[PDB]
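Below you'll find the structure, written out as structure tokens, and then a few comments.
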Number of protein chains: 4
Amino acid sequence: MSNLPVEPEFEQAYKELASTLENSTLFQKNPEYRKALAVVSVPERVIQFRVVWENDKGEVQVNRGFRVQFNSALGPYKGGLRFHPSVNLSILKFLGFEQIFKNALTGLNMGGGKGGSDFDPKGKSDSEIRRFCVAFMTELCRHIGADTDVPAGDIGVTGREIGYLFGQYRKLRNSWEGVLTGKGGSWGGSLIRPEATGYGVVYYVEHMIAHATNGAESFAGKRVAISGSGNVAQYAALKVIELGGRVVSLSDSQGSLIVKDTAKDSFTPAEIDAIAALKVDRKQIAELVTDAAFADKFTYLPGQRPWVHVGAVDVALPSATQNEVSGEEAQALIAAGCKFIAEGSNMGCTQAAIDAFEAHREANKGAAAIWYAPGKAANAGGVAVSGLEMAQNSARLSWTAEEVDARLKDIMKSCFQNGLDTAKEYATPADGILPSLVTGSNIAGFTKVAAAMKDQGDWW
Amino acid sequence: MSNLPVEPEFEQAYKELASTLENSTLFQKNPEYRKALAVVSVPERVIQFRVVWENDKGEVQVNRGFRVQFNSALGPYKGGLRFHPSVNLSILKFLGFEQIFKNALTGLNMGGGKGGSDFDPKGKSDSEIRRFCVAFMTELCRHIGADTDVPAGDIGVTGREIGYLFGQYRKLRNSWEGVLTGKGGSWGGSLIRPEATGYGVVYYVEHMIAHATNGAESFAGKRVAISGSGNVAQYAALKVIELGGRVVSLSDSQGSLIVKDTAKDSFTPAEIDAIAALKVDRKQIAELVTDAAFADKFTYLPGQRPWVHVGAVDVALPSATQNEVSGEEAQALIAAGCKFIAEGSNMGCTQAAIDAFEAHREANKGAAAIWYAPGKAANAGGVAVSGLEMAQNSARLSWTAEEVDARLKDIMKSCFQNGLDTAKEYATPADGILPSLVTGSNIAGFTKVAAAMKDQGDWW
Amino acid sequence: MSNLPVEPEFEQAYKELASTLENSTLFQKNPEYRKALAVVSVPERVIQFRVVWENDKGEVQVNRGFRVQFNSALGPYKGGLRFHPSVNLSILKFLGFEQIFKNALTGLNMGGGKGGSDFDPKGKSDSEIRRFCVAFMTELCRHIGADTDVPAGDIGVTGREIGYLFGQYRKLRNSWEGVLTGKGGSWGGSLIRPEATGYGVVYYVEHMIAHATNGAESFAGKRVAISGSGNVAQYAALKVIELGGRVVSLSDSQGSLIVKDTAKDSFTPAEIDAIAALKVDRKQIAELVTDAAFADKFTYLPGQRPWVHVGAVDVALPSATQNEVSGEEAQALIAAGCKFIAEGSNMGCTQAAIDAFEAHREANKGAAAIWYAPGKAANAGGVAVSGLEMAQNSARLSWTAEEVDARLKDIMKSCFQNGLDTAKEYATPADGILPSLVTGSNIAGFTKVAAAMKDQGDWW
Amino acid sequence: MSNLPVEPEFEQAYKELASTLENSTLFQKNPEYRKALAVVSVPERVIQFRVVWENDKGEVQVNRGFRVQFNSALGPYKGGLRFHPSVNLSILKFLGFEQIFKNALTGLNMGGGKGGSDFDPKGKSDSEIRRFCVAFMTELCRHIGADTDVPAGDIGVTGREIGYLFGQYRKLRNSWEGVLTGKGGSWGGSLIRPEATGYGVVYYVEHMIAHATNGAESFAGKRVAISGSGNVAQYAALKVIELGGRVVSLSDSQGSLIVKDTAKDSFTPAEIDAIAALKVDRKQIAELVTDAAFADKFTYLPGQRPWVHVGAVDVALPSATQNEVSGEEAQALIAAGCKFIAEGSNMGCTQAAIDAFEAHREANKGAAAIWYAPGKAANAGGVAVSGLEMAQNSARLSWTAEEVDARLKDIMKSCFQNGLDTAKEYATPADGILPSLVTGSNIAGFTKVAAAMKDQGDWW
């Protein structure tokens, strides 16, 4: 086994999934699925190519491009593209593995997969981005198609990158098919989709707190621990503020925007839009918080996570990146008086932190228990709108806003019902104790994907 | 002409169609279409390949696979797959020839064609079926495409076979297109279709009896001579019994399930479901009828068709296979007091039997005439739902049950009107005598297909 | 098994081969190969399409086109095209089955297969042939390629047909590859091939008589029973007379050109060229016998095969078609005193005739035994030249005549040695009795093709 | 950023090449090439797929398959396939990187690359190997083409594996092309394929001993410490014995085979054939020692390398594995009085061992001076013959033994001439201090491949 490379993130995801699948009743009823666990983990195809482009000064730059087509039991490969200098095979493997069950759990077509490169859009001109995208799509075009691969956007691939990539794909394939997602008016995309990711994340945040109180309490007198900046965080803030939700955290990556007067003062939507605009301009908070209005609205404590100075937060909502909540930070969250760890990223909670949360929740019988929130259960939404975008791209027509948001908010609800009805009593007995949601979602996705693979002859 | 091979079933079908087209006012008005009759009868492409698979004991097995793409004037080739040890080129040619006008008559745009193999799923393990499907799909996938060929199911190809075939096609083509019909939740199919065969069959059975009485008499106080033990019999029974439809026949293949008390006692739906379950378990009516409830409900007379012991049947519904009603059995039907020969399969009535039925009907002026019922004039619901399944496969979305059964029951009705309005006075003078249906249906299909071929330049 | 169609010629060939392989030491040593006999007899692909063309009067004509890709264990599919009104699937199946072992025995890197149509070039204008070729090439070009199918010429497909077919293939494929054989200066073909049809025939005729006498007697004082007219029969005749070869038979199909003075008078080569020219002009041997220069040479007896009036022929050379030597005619040959039945066609000897020849040869111990000559053991000269033509088409260059006829006559000799050495004591004990040639040839082909299929994983 | 994974063997290869290119005159003259070093080191396409096959007991087995297409500057990607339960991305990357300059140095028009899986052919039946090959070729066909990818054989992929893979490729693509290397004589003939590489290392050693001693030493009366069993080691032994040398080592993974009488004792060619026969069955050489002839001539050394126990040995040829010559073993070779260390595999010597060998190379001017010979410099010829098969596959022909042997002789001679021509220009030879050979080889390959990439626009 030592011959196989070690991928820490992917390995941790597999360990978590195996642990949750083991302590369950689906395994005992159908032991065959254990053999399925052998075939899900191996990606169906992993492609790693070399991208050679020309920078502004006229020099040759060489980067690596990855496309991890993990599983296509349920539909065509559907995953994003991440242009981040930290991208390698482990990260994309883990993200695609999560994507398979994210697309299965929320009752969609489309399979898993994830693409990207170690390209860094930071500090690059427009021409440099254009040249890299043109070179990247040449190497990638051989492996994507309207039914083969539909790459999407992620951290790094904004509207501009997706535009360049579509232009080159149309150049050298002479096709004009619905092969990428994230387009718009001048590429023939769909509404909501460019802002779907934040849409979906905030949808799941509000839904997760509503089900956290079981609908017995809106955000009245509730402090929210939003994380991140720019996209996702902006929409989360603007739809959390609506129900009197006291916003007390928008730590982008190092600078924590925590209100000095945690009791009364809260953020305003125009301020959040300014924050998003500043993040668009590739800048830290800095001049944002140093402005007089922002200076009097919230205090700045850079270099520490908001978990140190939560100011008795009501809901913990980490949404920056993976492993954004450490063990000591998780214990600080628990002691502060939080019963809802509504993490809004992929593996944003440290494995030790998740273990501590589970132990405390099973040791906190009653409404005053820390309810967990696994990443793949939340977020989504963007994937659904990307699916709708490809669906209307197939139809050679553009759906209206009412039609699109009626397709959504009517789907994903049946999918929530499916997830909760699968997690009715199977696994995590919850005999008087709060149930587990990781054990509510892992099996809820795994059963469907394993069924799909078994019914096609993938594993027997 | 002796150089051309002799196909008995295909030749019989061609003789029947030519005879009905000859005695028509379409022929005399447009003699050109005679030469069209030369071009329809030649299939556009017939592919016969060799399938080499490995059985359970580790031996090599060699079978033959056929794909008869007959005609695509109206749309892509659309036809089922039949895995039956009696399959050869004649059977598939005849079935595809019927399929062309079945798809033309009922307003569907898809073309004709039919596939299959001499494989026998009886007595084969799951692994044997899987292996054969994988080999078959390789050899066949060379010649199919989402717009080229969309194979469907038939006698032999259940959900499992279609699942295996789709899995292999997705393997070696890297596509995931809507290239086969008969999928479901774990392959991305459609609703209604898994029950479409029985759905459409019983729809047409009730339609044909309703048109038989012209709405004057529902199934109240009527004995129905259902045949077979497939969906064609199952749903037929379930939705004939609703209108007081006394059931007096469920002969699977040799064992006639005829009620001992033909006057009062009838079948029950739970018993029909039990028969379904045991047929799924690859068992005949044996061990069903022997049960006490089934013993007191109906008597068993194996080795004879139910026509000898109809018990004064009201409507005869032969639905087992081709040539299930012989001349003497047809005369027994006529003598018993049946005025509705409702053959619910393809070529289920023997040519001589059909001639006798027509001769008697033209000599039985009045409501007491034996009204005919050709196969392609019915049994189109399954085809319609398969078309809808392909249509929603193209759209990258899943229709609801209400949407699908609103598309149906609204189509096929305009198509029935089209057929009857085409056969209003065209041939068959019917001056006080009951008109013929085989004739009217033949012209109603042939005119549209010949028009399409003339308009595309196939024959001039 | 009755579901399988009955092919007379193919079944006869399969029976002959099975009987030959049964009475051998190969079966007993390796019983595994018996199961190989199940997989060879099923063609890998059989395609039958519909060809719709326009005749001179402006009417639509519909014909059938066949392409039987039988086996490709050894190389790409390599078979001819036959445009003859008697062409169906049985004939092409049998011809392709023979072709597989004809290409295996002669040490060639080419597979089997055979194509054709029921088109009749007789009585057709140039334009009619052109139009049919264009339509046929469209439908066929869907399923051929340089490494997929290389159709060749046969009875019906002259240089003109092959020219038209190449032109259309280059039109709609935009390729110009070596996809057909039988081209020339204006299509980029090869030398030797324009006369290869007669080249190979006469090569194998002279070689077979030389082996018949074992080199102990040239054609001095020998009467030859050549069959046919022109081309194959012509070039056969030209290099038989050279060794004082007395020619006493050039029966085209019904009119036997047998010399009145069988003792002294013989044919001349300008006369045979005239015969070939007249056959090119689509004229039988009628006016040719009327001329005094030909009238004083041979007597005309239409309606009988030349076996009735052999005039004590020395060597029998039936080369017209299949089953050209019947049982009674074979016994006439035996009574006349022929010890060399050198049939130069495929299945030219009737099964009963073959049995009688074998019985007499095993009952005629000594040099005065009727030595057999199977078709695939004969011919094969043109096959090699077509292979060389494809080989130099791959090389993008043209070989000289010396180069081509040095490649040949140096190959086919090692191949004859292979064929005879593989039949060295491999059954047919021949302990003082003349050995059998059908046995040797059949085993020598079958072992190589079965080895190739076993080594590629076709049968295990 | 350490986002790049760890590829230890690839790291050693790249470090060695960079160190060689630094300490030279190539970089100082042309500093441009420093960017070529960055561009060449990225594999340019890496495919990793998942292979799912059914074993003998009927269970699902999942493995990983790799294709590393490093460079196609000089020709289509050309590398082997290695089925061995230790194959991962690092191993195949390193092997492909070596192969690029191995194909560049010896004047070949093919590129780099390497494929394989962690399949373990040992302990599997024929059926299990067949099934795995079929699944592997199904998953691999999309990335394989005659002008795209021509995989070859290596440790694991014998004649049978190649046969199965070709057979599956032929039915999937419906094309017979020379896309794989190692095929049988009948189908894609391969002459002098096994024999090529074995004599190459001894040729290199004989040329170097001729040059080094100013023609004062020859291979007569020398001891050879060749290692490994089969292929290269066998033919190395045969060549040493044939010339007049004495073989004193045929060690393998488990133990060693040292002649008891080191002065006069060798291994007979019949004994070597027995070794080959037993190694075909994958059994250990230990039992081979237990044979009476071997028991009275050789002493087994289980779990120990022979190069410290043979004692005074003239020539060391560790052709078994990579990194099988340790630092302490290198100094043992120093003490043993070895004069020329040559590798039968890539990266035969440990980095420390290579350093010690090169440091001690400069001393002992004239004879002695154990002199490093990397794998690329010696191991060749077999790759050349593989290329020749591609040529023979392109021409649709089959070359004779004399032709292919003459081409191989010319190719090896040109390779040696060009390798030794660019010797002193970029490497420092001091004054009679035994100039380095690894440096010469590295520069001679890198200059040509960098030139090709610069001329095609890959790096500027």
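So you can find residues: chains in the structure tokens are A, B, ... in the order shown, residues in each start at 1, and ligands are numbered from 1 in order.
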
Contact residues around region 353-365 of chain B with only C-alpha atoms at 9 Å, ignoring same-chain residues under 4 positions, as a PyMOL selection string: chain B and resi 325-331+334+339+341+349+369-372+430+432-436

Considering only C-alpha atoms, return as a ChimeraX atom specification whatever protein or nucleic-acid residues lie within 7 Å of residue 312 (chain D), sequence-local ones (same chain, fewer than 6 positions apart) excluded. /D:336-338

Kindly save the residues from that selection, with N, CA, C and O atoms included, as an mmCIF file, in the first residue's frame.
data_model
loop_
_atom_site.group_PDB
_atom_site.id
_atom_site.type_symbol
_atom_site.label_atom_id
_atom_site.label_comp_id
_atom_site.auth_asym_id
_atom_site.auth_seq_id
_atom_site.Cartn_x
_atom_site.Cartn_y
_atom_site.Cartn_z
ATOM 1 N N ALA D 336 37.400 -5.007 -4.257
ATOM 2 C CA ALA D 336 37.410 -6.201 -5.089
ATOM 3 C C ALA D 336 38.313 -6.029 -6.310
ATOM 4 O O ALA D 336 38.610 -7.016 -6.987
ATOM 5 N N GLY D 337 38.690 -4.796 -6.657
ATOM 6 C CA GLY D 337 39.537 -4.537 -7.808
ATOM 7 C C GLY D 337 38.759 -4.544 -9.120
ATOM 8 O O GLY D 337 39.363 -4.746 -10.167
ATOM 9 N N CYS D 338 37.444 -4.300 -9.064
ATOM 10 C CA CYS D 338 36.665 -4.133 -10.278
ATOM 11 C C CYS D 338 37.143 -2.898 -11.047
ATOM 12 O O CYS D 338 37.584 -1.914 -10.455
#

DSSP strand (DSSP E or B) residues within region 220-352 of chain A, as JSON, numbers by chain: {"A": [223, 224, 227, 246, 247, 251, 257, 258, 299, 300, 315, 316, 325, 340, 341, 349]}

What lies within 8 Å of residue 39 (chain D) using only C-alpha atoms, ignoring chain neighbours under 5 positions off, as a VMD selection string? (chain A and resid 62) or (chain D and resid 458 to 459)

With N, CA and C atoms retained, could you export that selection as an mmCIF file, in the first residue's frame?
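Writing the result to result29.cif gives the following:
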data_model
loop_
_atom_site.group_PDB
_atom_site.id
_atom_site.type_symbol
_atom_site.label_atom_id
_atom_site.label_comp_id
_atom_site.auth_asym_id
_atom_site.auth_seq_id
_atom_site.Cartn_x
_atom_site.Cartn_y
_atom_site.Cartn_z
ATOM 1 N N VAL A 62 5.525 27.864 -17.093
ATOM 2 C CA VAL A 62 5.043 26.494 -17.173
ATOM 3 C C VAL A 62 4.330 26.153 -15.876
ATOM 4 N N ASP D 458 8.084 25.217 -28.043
ATOM 5 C CA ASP D 458 7.697 24.813 -26.707
ATOM 6 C C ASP D 458 8.260 25.744 -25.644
ATOM 7 N N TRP D 459 9.537 26.106 -25.758
ATOM 8 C CA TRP D 459 10.146 27.083 -24.854
ATOM 9 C C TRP D 459 10.951 28.058 -25.686
#

Give me the residues within 9 Å of region 169-185 of chain B as a PyMOL selection string, counting only C-alpha atoms and dropping any in the same chain fewer than 3 places off. (chain A and resi 72-76+145-148+448+452) or (chain B and resi 80+134+137-138+141+144-153+158-159+162-166+188-191+193-194+386-387+389-394) or (chain D and resi 138-139+141-142+172)

Between chain C and chain B, at 7 Å or less, what are the per-residue closest atom pairs and their distances in Å? Count only C-alpha atoms, order by chain and rising residue number, and return it as JSON lines.
{"residue": "C:3", "atom": "CA", "partner": "B:86", "partner_atom": "CA", "distance": 5.6}
{"residue": "C:4", "atom": "CA", "partner": "B:88", "partner_atom": "CA", "distance": 6.4}
{"residue": "C:39", "atom": "CA", "partner": "B:62", "partner_atom": "CA", "distance": 6.6}
{"residue": "C:42", "atom": "CA", "partner": "B:50", "partner_atom": "CA", "distance": 6.3}
{"residue": "C:43", "atom": "CA", "partner": "B:50", "partner_atom": "CA", "distance": 6.4}
{"residue": "C:44", "atom": "CA", "partner": "B:50", "partner_atom": "CA", "distance": 5.2}
{"residue": "C:45", "atom": "CA", "partner": "B:49", "partner_atom": "CA", "distance": 4.5}
{"residue": "C:46", "atom": "CA", "partner": "B:48", "partner_atom": "CA", "distance": 5.0}
{"residue": "C:47", "atom": "CA", "partner": "B:47", "partner_atom": "CA", "distance": 4.7}
{"residue": "C:48", "atom": "CA", "partner": "B:46", "partner_atom": "CA", "distance": 5.0}
{"residue": "C:49", "atom": "CA", "partner": "B:45", "partner_atom": "CA", "distance": 4.4}
{"residue": "C:50", "atom": "CA", "partner": "B:44", "partner_atom": "CA", "distance": 5.2}
{"residue": "C:60", "atom": "CA", "partner": "B:459", "partner_atom": "CA", "distance": 6.3}
{"residue": "C:62", "atom": "CA", "partner": "B:39", "partner_atom": "CA", "distance": 6.6}
{"residue": "C:86", "atom": "CA", "partner": "B:3", "partner_atom": "CA", "distance": 5.6}
{"residue": "C:87", "atom": "CA", "partner": "B:3", "partner_atom": "CA", "distance": 6.8}
{"residue": "C:88", "atom": "CA", "partner": "B:3", "partner_atom": "CA", "distance": 6.1}
{"residue": "C:459", "atom": "CA", "partner": "B:60", "partner_atom": "CA", "distance": 6.3}
{"residue": "C:460", "atom": "CA", "partner": "B:60", "partner_atom": "CA", "distance": 6.5}

Next, dump the selected residues to file, keeping only N, CA and C atoms, as a compact mmCIF listing (two decimals), in the first residue's frame.
# COMPACT_ATOMS: atom_id res chain seq x y z
N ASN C 3 -33.86 -21.55 -35.64
CA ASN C 3 -33.94 -20.10 -35.70
C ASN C 3 -32.86 -19.53 -36.63
N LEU C 4 -31.68 -20.16 -36.63
CA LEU C 4 -30.62 -19.72 -37.52
C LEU C 4 -31.04 -19.96 -38.96
N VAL C 39 -16.10 -20.45 -32.97
CA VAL C 39 -15.95 -19.00 -33.03
C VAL C 39 -15.53 -18.54 -34.43
N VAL C 42 -18.67 -17.85 -36.97
CA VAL C 42 -19.54 -16.70 -36.78
C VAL C 42 -18.81 -15.46 -37.25
N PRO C 43 -19.27 -14.78 -38.31
CA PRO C 43 -18.58 -13.59 -38.80
C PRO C 43 -18.57 -12.45 -37.79
N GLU C 44 -17.47 -11.74 -37.70
CA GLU C 44 -17.34 -10.68 -36.72
C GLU C 44 -18.32 -9.53 -36.97
N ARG C 45 -18.67 -9.29 -38.23
CA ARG C 45 -19.61 -8.24 -38.55
C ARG C 45 -20.20 -8.50 -39.92
N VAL C 46 -21.51 -8.40 -40.02
CA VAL C 46 -22.17 -8.53 -41.32
C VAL C 46 -23.10 -7.35 -41.49
N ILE C 47 -22.88 -6.57 -42.54
CA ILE C 47 -23.60 -5.33 -42.74
C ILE C 47 -24.35 -5.47 -44.03
N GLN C 48 -25.63 -5.14 -43.98
CA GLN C 48 -26.48 -5.20 -45.16
C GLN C 48 -27.20 -3.88 -45.22
N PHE C 49 -26.94 -3.11 -46.30
CA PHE C 49 -27.57 -1.82 -46.47
C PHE C 49 -28.37 -1.76 -47.74
N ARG C 50 -29.10 -0.67 -47.91
CA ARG C 50 -29.99 -0.44 -49.03
C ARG C 50 -29.42 0.66 -49.93
N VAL C 60 -36.22 5.41 -59.94
CA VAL C 60 -35.49 5.01 -58.76
C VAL C 60 -35.32 3.50 -58.77
N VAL C 62 -33.70 0.27 -56.38
CA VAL C 62 -33.32 -0.07 -55.02
C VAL C 62 -32.69 -1.45 -55.02
N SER C 86 -26.86 -12.60 -58.52
CA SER C 86 -27.10 -13.75 -57.66
C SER C 86 -26.49 -13.61 -56.26
N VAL C 87 -26.02 -12.42 -55.90
CA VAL C 87 -25.32 -12.22 -54.64
C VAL C 87 -26.31 -12.10 -53.49
N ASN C 88 -26.10 -12.88 -52.44
CA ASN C 88 -26.86 -12.76 -51.20
C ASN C 88 -25.90 -12.97 -50.04
N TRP C 459 -10.93 -16.70 -28.24
CA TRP C 459 -11.46 -17.93 -27.64
C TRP C 459 -10.41 -18.50 -26.71
N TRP C 460 -10.88 -19.09 -25.61
CA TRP C 460 -9.99 -19.61 -24.59
C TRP C 460 -10.40 -21.03 -24.18

Select from region 90-178 of chain A everything DSSP, run on the backbone, classes as helix (DSSP H, G or I), then give the selection as number ranges by chain. A: 90-105, 126-143, 159-173

Could you please determine the separation between CA of residue 250 (chain D) and CA of residue 233 (chain D) in Å, to one decimal place?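 Interatomic distance here is 7.5 Å.
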
For residue 415 (chain A): contacts at 9 Å, only C-alpha atoms, fewer than 3 positions along chain excluded, given as a ChimeraX atom specification: /A:105-108,411-412,418-420

Separation of CA of residue 13 (chain A) from CA of residue 408 (chain A) in Å: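 Straight-line distance from CA of residue 408 (chain A) to CA of residue 13 (chain A) works out to 28.6 Å.
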
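Note that CA of residue 306 (chain B) and CA of residue 368 (chain B) are 22.3 Å apart.
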
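Residues in contact range of residue 282 (chain D), defined as at most 10 Å between only C-alpha atoms, with sequence neighbours fewer than 6 positions away removed, read residues 121, 122, 123 and 276 of chain D.
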
May I have the selected residues written with N, CA and C atoms, as a compact mmCIF listing (two decimals), in the first residue's frame?
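Output below, filename out_0.txt:
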# COMPACT_ATOMS: atom_id res chain seq x y z
N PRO D 121 1.10 -9.80 -11.99
CA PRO D 121 0.83 -10.98 -12.81
C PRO D 121 1.15 -12.31 -12.13
N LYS D 122 1.96 -12.29 -11.06
CA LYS D 122 2.30 -13.52 -10.38
C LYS D 122 1.08 -14.03 -9.64
N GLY D 123 0.92 -15.36 -9.66
CA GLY D 123 -0.13 -16.02 -8.91
C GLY D 123 -1.52 -15.87 -9.54
N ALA D 276 16.03 -19.65 -17.74
CA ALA D 276 14.95 -18.93 -18.39
C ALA D 276 13.62 -19.67 -18.22
